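Next up is one chain by itself, shown in structure tokens, the form deposited in one PDB entry.
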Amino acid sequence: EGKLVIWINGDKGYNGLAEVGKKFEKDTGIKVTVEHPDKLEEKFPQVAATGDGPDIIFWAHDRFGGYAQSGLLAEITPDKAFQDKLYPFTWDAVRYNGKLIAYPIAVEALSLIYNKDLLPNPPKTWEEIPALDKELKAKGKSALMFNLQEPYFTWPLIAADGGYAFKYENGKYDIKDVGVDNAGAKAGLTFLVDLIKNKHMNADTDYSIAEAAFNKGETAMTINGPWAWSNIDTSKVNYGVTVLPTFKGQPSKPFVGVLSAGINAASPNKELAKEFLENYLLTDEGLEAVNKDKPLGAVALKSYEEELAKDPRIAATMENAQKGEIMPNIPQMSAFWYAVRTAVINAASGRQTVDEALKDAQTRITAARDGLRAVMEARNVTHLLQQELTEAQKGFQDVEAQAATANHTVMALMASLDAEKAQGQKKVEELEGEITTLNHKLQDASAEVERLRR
């Protein structure tokens, strides 16, 4: 309270950011402390939920939908003037149910990487890569090698013509709409598989294999991110970085990830953070300071991005990001990765046709939750089936009780049958006795009248 504590990961320019913190400390008297604690993404939900930890946290936007789901983040309110300082599409990476929940900072995305010496004019279209490889193979090189084991890297081509992870309409994801076996994704994947079939790529090619091959000049092109540049730098291949090839006319569609600054729902300093982010960090001065300590890569702030774009590699990254699909910030996306990962490997390794591989994603992406659903139906079915067991229990105590009554009743009734039957005749003979006596009285009176009348 009265000061701002901020968490950013250790692989970012925290000192650079502290500098911005000091400029703020000077101008308002508010001391800003910047920290990079160990695995802070895991640490965040634990300290925010007891009014502790950072007033503001910098992280990949995808972890944030999980935090907003637990109401951990403050809703942010930037006037539209400020909203037009950043790229439209970056805001879409920081919404949850229509509420804006964090400030976009950086933008990251795969790009085509190529050896200028081997290939000074990288191709624009996937379609021409086969022919290009047949050429380079004749001088002991390959056209392209990139990580096929993972979907993050194979998606761009697959999504190109029509795929999508989850439909997005109004700042909201329909988690039941999955565009992974639409005719477009099938075309994407077929092509990719066909490249393997026609021995232009190896299905067992992963990250390290690709990286090594490019760095040793064994392949003309590869696909990869800004995280990889300082590595390729020191191979001293002469490498170009540029727009991903199109497919069937359409841009490749690589997933996009966005370093974002979010504010703690718990924090009291909500407006002093809003200030710090809006007026000190998200400016050319502020981003430049962080950039000096460690490059951010392509940024969300239009004005400063336009400066960094001198570096064509940073130009490419953003060009690709703007043609790509923001990576959905919803819990279920990890099911997507899981499912899609297995889908592709199978499709590639021959284990499945594209069609069956992609058709199963629809089933498998929910195998997690359908099974969990069956566990909870079964939970209820046992409550019911326990009730029925009570019912049977008293059914048996009942039957046992009403057996005794039947056995005893059989005999009661026998005694009664004899009682009322003996009581019967006894009353009868009494009455039948009264009759003979009256019969005799009437006989005796009648006999007298005859005497007297005669």
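Residue numbers here begin at 1 and follow the sequence given.
Asker: Going by the mean C-alpha B-factor recorded in the entry, which is higher: 47-55 or 412-420?
Answerer: Comparing 47-55 with 412-420, the higher average CA B-factor belongs to 47-55.
Asker: Check the entry's C-alpha temperature factors for 60-68 and 33-41, then say which stretch has the higher mean.
Answerer: It is 33-41 that shows the higher mean C-alpha B-factor.
Asker: So if I compare the CA B-factors in the entry for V237, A374, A81, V354, which one is the largest?
Answerer: So the option with the highest C-alpha B-factor is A81.
Asker: Between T90, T125, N231, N97, which one tops the list for Cα B-factor in this entry?
Answerer: Out of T90, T125, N231, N97, the record gives the largest C-alpha B-factor to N97.
Asker: Sorting the chain's CA B-factors, does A401 end up in the lowest, middle or highest third?
Answerer: Middle third by C-alpha B-factor.
Asker: How does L272 rank on Cα B-factor within its chain, lowest, middle or highest third?
Answerer: Its C-alpha B-factor belongs to the highest third of this chain's values.
Asker: Check where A109 lands among this chain's C-alpha B-factors and tell me if it's the lowest, middle or highest third.
Answerer: Its C-alpha B-factor belongs to the lowest third of this chain's values.
Asker: Could you say whether, by C-alpha temperature factor, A392 belongs to the lowest, middle or highest third of its chain?
Answerer: For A392, whose C-alpha B-factor we compare with every modelled residue in the chain, the answer is the middle third.
Asker: Taking the values exactly as deposited, rank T436 by C-alpha B-factor within its chain and report the matching third: lowest, middle or highest.
Answerer: Answer is lowest: the recorded C-alpha B-factor places it there.
Separately, the form deposited in another entry exists; it is not shown, and the next lines address it.
Asker: Once every C-alpha goes to the better-fitting superposition between the shown form and the other one, are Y96 and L296 in the same rigid part?
Answerer: Both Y96 and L296 are in the same rigid part, judged by which superposition fits each C-alpha better.
Asker: Do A228 and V290 move together or apart in the other form, judged by C-alpha distance changing 3 Å or more?
Answerer: Compared with the shown chain, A228-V290 is closer in the other form.
Asker: Closer or farther apart in the other form, the C-alpha atoms of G71 and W337, for a change of 3 Å or more?
Answerer: Relative to the displayed form, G71 and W337 draw closer in the other form - a change of at least 3 Å between their C-alphas.
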